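Just the one chain here, the form deposited in one PDB entry, laid out as C-alpha cells.
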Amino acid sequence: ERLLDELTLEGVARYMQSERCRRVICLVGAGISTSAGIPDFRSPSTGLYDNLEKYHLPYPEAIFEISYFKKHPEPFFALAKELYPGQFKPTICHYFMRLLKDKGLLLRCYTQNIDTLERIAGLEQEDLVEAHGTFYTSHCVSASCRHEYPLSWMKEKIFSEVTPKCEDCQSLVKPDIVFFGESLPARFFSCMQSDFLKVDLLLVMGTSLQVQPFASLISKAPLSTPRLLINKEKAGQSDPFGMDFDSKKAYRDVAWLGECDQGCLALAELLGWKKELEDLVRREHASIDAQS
C-alpha cells in the first residue's frame, strides 16, 4: 500500500497535508547554498575543486583532506578567505525548512554544509545534525587544550592572512569542520539510529549523494516513507556499473529537477504557504541588511 497518490510534487503536497505526515527529515547539501553565494563541487568551473592551481597541491582533493591539512594548513585558510561571503543570507530553501520547524513538522535537518546558514535561518541546535561540522565554532587542535574560538575570531585570522594560533598554547586553531578522512561526530550516528524509526517524509535537497556515510541516510527510512528530491539533477539512483524514480516498480520517490529555491517555492504554493514564505524571506533578508 503506497502512501503517495501520485509520484509528483502535487502528490507529495497532498500527502504532507494528510494526517499521516507528521515527521519530516531534510537531507541537504551544497546545492541549497549556491544561491547564497557559496560554491558547490558539482558546478563547472565555480565548484571548489576548480581554480586551485595557485595553491600547488599534490592533488586537488588534498585541500580538504585531513592528512594534508595537518602538514600544510595554509592553502585551506587562503581558500577560506577567498570564499568568505560578504553577507550570510539564507536562501528561500533554508527558510522553507524554517517553516517546517515553525509548523511542527521538522524532526531533523541533516546537513553536509558548513556555512552556518541553517542556524542563521533559525534552525536550532536540536533541529540540526551538522554531519560535516561547521565554521561557526573552531578549536585549538592540541588534545590537552581544545580552547574554543568564535567565528568572529576565526574570520579576523582568515582575513589578516595569519594562520590561526591558540592564544593559550600556540597550537593551530581549526574550524570545527569534518575534513575528508576524519570521523563524523557521534551525534550523526546516534541521531541516525533513532530518527528514521517513524519518519514520514524525506526531503532531499541540493546534494549529489556521493559523500559517505551521509549518502547512506536515504536508505535508513522505512520502505514506505516517500522521498522527494529537489535538485538540479537526478541523484541517488543506483549506479549501472537507492532512489527509484522511473522503473515499473517505482512507488514512493519523486524527483523535482530545478533550482532548490524554485522547487521549495512551488511546494510552498501547493501547501498554501507561498505568502508566508515570501514574507519570511523578505523580512529576514531586510533584517540582515539592516543589522549590517
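Between two forms, the rigid core is the largest collection of C-alphas that superpose within 1.5 Å. Start at 1 and count along the sequence shown; that's the residue number.
196-204 versus 163-171 - which carries the larger mean C-alpha B factor in the record: Looking at the record's C-alpha B-factors, the answer is 163-171.
Higher-scoring stretch by recorded Cα B factor average, 13-21 or 266-274: Of 266-274 and 13-21, the stretch with the higher C-alpha B-factor average is 13-21.
Peak C-alpha temperature factor (PDB record), options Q125, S144, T134, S216: Among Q125, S144, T134, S216, the highest C-alpha B-factor in the entry belongs to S144.
From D40, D244, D261, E61, residue of greatest CA B-factor: Result of the comparison over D40, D244, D261, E61: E61.
Within-chain third of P90 by Cα B-factor, per the entry: Its C-alpha B-factor, which the entry lists for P90, ranks in the lowest third among residues of this chain.
Where the record places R187 (Cα B-factor, split into thirds across the chain): Tercile = middle for this residue's CA B-factor.
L100 - Cα temperature factor, lowest/middle/highest third of chain: Its C-alpha B-factor belongs to the lowest third of this chain's values.
Chain-relative CA temperature factor third for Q210: As the PDB entry reports it, the C-alpha B-factor of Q210 lands in the middle third of its chain.
Chain-wide C-alpha B factor ranking for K54, given as lowest, middle or highest third: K54: CA B-factor falls in the highest third of its chain.
Note that the form deposited in another entry isn't included here; everything after this is about it.
Post core alignment: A255 C-alpha displaced by 2 Å or more between the shown form and the other one: No, because once the rigid core is superposed, the C-alpha of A255 moves less than 2 Å between the shown form and the other one.
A62 C-alpha moves between the shown form and the other one by 2 Å or more, core aligned: Comparing forms between the shown form and the other one, the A62 CA shifts at least 2 Å.
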